[PDB]
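K.L.:
Contents of run_36.cif (mmCIF, C-alpha atoms; chains and numbers go by the auth columns) are below:
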data_start
#
loop_
_atom_site.group_PDB
_atom_site.id
_atom_site.type_symbol
_atom_site.label_atom_id
_atom_site.label_comp_id
_atom_site.label_asym_id
_atom_site.label_seq_id
_atom_site.Cartn_x
_atom_site.Cartn_y
_atom_site.Cartn_z
_atom_site.B_iso_or_equiv
_atom_site.auth_seq_id
_atom_site.auth_asym_id
ATOM 1 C CA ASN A 1 -37.427 14.919 -49.651 0.00 255 A
ATOM 2 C CA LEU A 2 -38.898 15.377 -46.207 0.00 256 A
ATOM 3 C CA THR A 3 -38.112 11.739 -45.436 0.00 257 A
ATOM 4 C CA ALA A 4 -34.605 12.409 -46.710 0.00 258 A
ATOM 5 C CA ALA A 5 -33.866 15.375 -44.472 0.00 259 A
ATOM 6 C CA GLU A 6 -35.662 13.722 -41.558 0.00 260 A
ATOM 7 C CA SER A 7 -33.322 10.782 -42.012 0.00 261 A
ATOM 8 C CA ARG A 8 -30.319 13.097 -42.212 0.00 262 A
ATOM 9 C CA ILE A 9 -31.317 14.367 -38.770 0.00 263 A
ATOM 10 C CA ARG A 10 -32.237 11.248 -36.813 0.00 264 A
ATOM 11 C CA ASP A 11 -31.115 8.218 -38.798 0.00 265 A
ATOM 12 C CA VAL A 12 -27.445 7.384 -38.327 0.00 266 A
ATOM 13 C CA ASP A 13 -24.650 6.655 -40.777 0.00 267 A
ATOM 14 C CA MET A 14 -24.038 3.319 -39.118 0.00 268 A
ATOM 15 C CA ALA A 15 -20.566 2.901 -40.592 0.00 269 A
ATOM 16 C CA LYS A 16 -19.306 5.981 -38.775 0.00 270 A
ATOM 17 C CA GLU A 17 -21.087 4.852 -35.638 0.00 271 A
ATOM 18 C CA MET A 18 -19.497 1.425 -35.827 0.00 272 A
ATOM 19 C CA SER A 19 -16.038 2.935 -36.142 0.00 273 A
ATOM 20 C CA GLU A 20 -16.909 5.093 -33.146 0.00 274 A
ATOM 21 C CA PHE A 21 -17.986 1.984 -31.245 0.00 275 A
ATOM 22 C CA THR A 22 -14.879 -0.051 -31.961 0.00 276 A
ATOM 23 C CA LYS A 23 -12.795 3.008 -31.120 0.00 277 A
ATOM 24 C CA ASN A 24 -14.450 3.711 -27.779 0.00 278 A
ATOM 25 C CA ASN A 25 -14.398 0.027 -26.897 0.00 279 A
ATOM 26 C CA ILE A 26 -10.638 0.050 -27.394 0.00 280 A
ATOM 27 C CA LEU A 27 -10.409 3.067 -25.129 0.00 281 A
ATOM 28 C CA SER A 28 -12.353 1.043 -22.576 0.00 282 A
ATOM 29 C CA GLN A 29 -10.147 -2.035 -22.785 0.00 283 A
ATOM 30 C CA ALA A 30 -7.111 0.229 -22.667 0.00 284 A
ATOM 31 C CA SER A 31 -8.456 1.796 -19.503 0.00 285 A
ATOM 32 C CA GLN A 32 -9.128 -1.527 -17.749 0.00 286 A
ATOM 33 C CA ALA A 33 -5.659 -2.432 -18.882 0.00 287 A
ATOM 34 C CA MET A 34 -4.240 0.629 -17.191 0.00 288 A
ATOM 35 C CA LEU A 35 -5.929 -0.554 -14.037 0.00 289 A
ATOM 36 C CA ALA A 36 -4.025 -3.783 -14.483 0.00 290 A
ATOM 37 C CA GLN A 37 -0.890 -1.631 -14.467 0.00 291 A
ATOM 38 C CA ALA A 38 -2.086 0.931 -11.943 0.00 292 A
ATOM 39 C CA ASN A 39 -2.994 -1.393 -9.096 0.00 293 A
ATOM 40 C CA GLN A 40 0.385 -3.075 -9.551 0.00 294 A
ATOM 41 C CA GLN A 41 2.206 0.026 -8.265 0.00 295 A
ATOM 42 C CA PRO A 42 1.899 -0.423 -4.453 0.00 296 A
ATOM 43 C CA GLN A 43 2.841 -4.109 -4.487 0.00 297 A
ATOM 44 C CA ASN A 44 6.325 -2.956 -5.321 0.00 298 A
ATOM 45 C CA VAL A 45 5.834 -0.596 -2.404 0.00 299 A
ATOM 46 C CA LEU A 46 5.386 -3.812 -0.453 0.00 300 A
ATOM 47 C CA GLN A 47 8.525 -5.120 -2.163 0.00 301 A
ATOM 48 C CA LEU A 48 10.817 -2.474 -0.719 0.00 302 A
ATOM 49 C CA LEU A 49 8.796 -3.018 2.436 0.00 303 A
ATOM 50 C CA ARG A 50 10.093 -6.629 2.195 0.00 304 A
ATOM 51 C CA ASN B 1 -8.793 16.102 -7.295 0.00 255 B
ATOM 52 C CA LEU B 2 -10.273 16.328 -3.832 0.00 256 B
ATOM 53 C CA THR B 3 -9.277 12.711 -3.219 0.00 257 B
ATOM 54 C CA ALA B 4 -5.820 13.634 -4.469 0.00 258 B
ATOM 55 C CA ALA B 5 -5.242 16.539 -2.108 0.00 259 B
ATOM 56 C CA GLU B 6 -6.928 14.664 0.736 0.00 260 B
ATOM 57 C CA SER B 7 -4.425 11.884 0.152 0.00 261 B
ATOM 58 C CA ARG B 8 -1.561 14.374 0.046 0.00 262 B
ATOM 59 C CA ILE B 9 -2.616 15.437 3.541 0.00 263 B
ATOM 60 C CA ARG B 10 -3.347 12.190 5.364 0.00 264 B
ATOM 61 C CA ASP B 11 -2.062 9.316 3.249 0.00 265 B
ATOM 62 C CA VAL B 12 1.652 8.674 3.677 0.00 266 B
ATOM 63 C CA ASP B 13 4.473 8.212 1.193 0.00 267 B
ATOM 64 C CA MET B 14 5.283 4.849 2.706 0.00 268 B
ATOM 65 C CA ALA B 15 8.766 4.694 1.210 0.00 269 B
ATOM 66 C CA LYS B 16 9.856 7.761 3.155 0.00 270 B
ATOM 67 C CA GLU B 17 8.156 6.399 6.243 0.00 271 B
ATOM 68 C CA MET B 18 9.938 3.079 5.905 0.00 272 B
ATOM 69 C CA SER B 19 13.304 4.797 5.649 0.00 273 B
ATOM 70 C CA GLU B 20 12.324 6.772 8.736 0.00 274 B
ATOM 71 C CA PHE B 21 11.434 3.528 10.504 0.00 275 B
ATOM 72 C CA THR B 22 14.649 1.707 9.695 0.00 276 B
ATOM 73 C CA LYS B 23 16.559 4.841 10.663 0.00 277 B
ATOM 74 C CA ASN B 24 14.880 5.305 14.034 0.00 278 B
ATOM 75 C CA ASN B 25 15.147 1.596 14.758 0.00 279 B
ATOM 76 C CA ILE B 26 18.897 1.855 14.255 0.00 280 B
ATOM 77 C CA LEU B 27 18.963 4.781 16.647 0.00 281 B
ATOM 78 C CA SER B 28 17.149 2.543 19.115 0.00 282 B
ATOM 79 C CA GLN B 29 19.526 -0.392 18.770 0.00 283 B
ATOM 80 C CA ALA B 30 22.429 2.034 18.979 0.00 284 B
ATOM 81 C CA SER B 31 21.009 3.386 22.210 0.00 285 B
ATOM 82 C CA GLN B 32 20.536 -0.042 23.821 0.00 286 B
ATOM 83 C CA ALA B 33 24.046 -0.698 22.644 0.00 287 B
ATOM 84 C CA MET B 34 25.294 2.364 24.463 0.00 288 B
ATOM 85 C CA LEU B 35 23.691 0.953 27.565 0.00 289 B
ATOM 86 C CA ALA B 36 25.774 -2.140 26.978 0.00 290 B
ATOM 87 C CA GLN B 37 28.780 0.185 27.081 0.00 291 B
ATOM 88 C CA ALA B 38 27.451 2.564 29.714 0.00 292 B
ATOM 89 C CA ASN B 39 26.689 0.073 32.461 0.00 293 B
ATOM 90 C CA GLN B 40 30.157 -1.392 31.928 0.00 294 B
ATOM 91 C CA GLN B 41 31.803 1.751 33.342 0.00 295 B
ATOM 92 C CA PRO B 42 31.539 1.122 37.132 0.00 296 B
ATOM 93 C CA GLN B 43 32.689 -2.499 36.939 0.00 297 B
ATOM 94 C CA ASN B 44 36.098 -1.113 36.149 0.00 298 B
ATOM 95 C CA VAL B 45 35.486 1.087 39.165 0.00 299 B
ATOM 96 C CA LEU B 46 35.231 -2.229 40.977 0.00 300 B
ATOM 97 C CA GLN B 47 38.432 -3.281 39.207 0.00 301 B
ATOM 98 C CA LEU B 48 40.575 -0.572 40.759 0.00 302 B
ATOM 99 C CA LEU B 49 38.602 -1.365 43.891 0.00 303 B
ATOM 100 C CA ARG B 50 40.102 -4.882 43.493 0.00 304 B
#
Here is a file; write its structure as structure tokens.
P.N.:
Amino acid sequence: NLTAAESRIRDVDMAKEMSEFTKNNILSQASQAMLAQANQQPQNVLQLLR
Amino acid sequence: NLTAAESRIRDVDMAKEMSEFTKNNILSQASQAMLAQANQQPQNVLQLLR
């Protein structure tokens, strides 16, 4: 029972962690994506410039 | 947020600046133009002279 509670503290429910990992990785790829949109804003500033 | 306000101070809204530039350049070409009319005033003074 000590091992049980000790595991409830430290040892992870790796399913939940994996869902958290896939989730956060999507947030990451979404963010890099929004750089791929964000940097594209001043080139249109160059477009009215020319 | 510091970068944001710092940019609001120094960094320019280049669209507005470009409109200002085209504008003032037209005022310039209009002014050179009005030299092309202004210097032409005394040659007619030479015309009644001859």
K.L.:
Kindly provide, as a PyMOL selection string, the residues of chain A having any atom no farther than 8 Å from an atom of chain B, counting all atoms listed in the file.
P.N.:
chain A and resi 299+302-303
K.L.:
Selection from above, C-alpha atoms, as a tab-separated table (two decimals), in the frame of the given file, can you write it?
P.N.:
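Wrote out_13.tsv, looks like this:
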chain	number	residue	atom	x	y	z
A	299	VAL	CA	5.83	-0.60	-2.40
A	302	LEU	CA	10.82	-2.47	-0.72
A	303	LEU	CA	8.80	-3.02	2.44
K.L.:
To one decimal place, how far is CA of residue 265 in chain B from CA of residue 293 in chain A in Å?
P.N.:
16.4 Å
K.L.:
Find the distance between CA of residue 271 in chain B and CA of residue 297 in chain A and write it in Å to one decimal.
P.N.:
15.9 Å
K.L.:
How many Å separate CA of residue 304 in chain A from CA of residue 276 in chain B?
P.N.:
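Interatomic distance, CA of residue 304 in chain A to CA of residue 276 in chain B: 12.1 Å.
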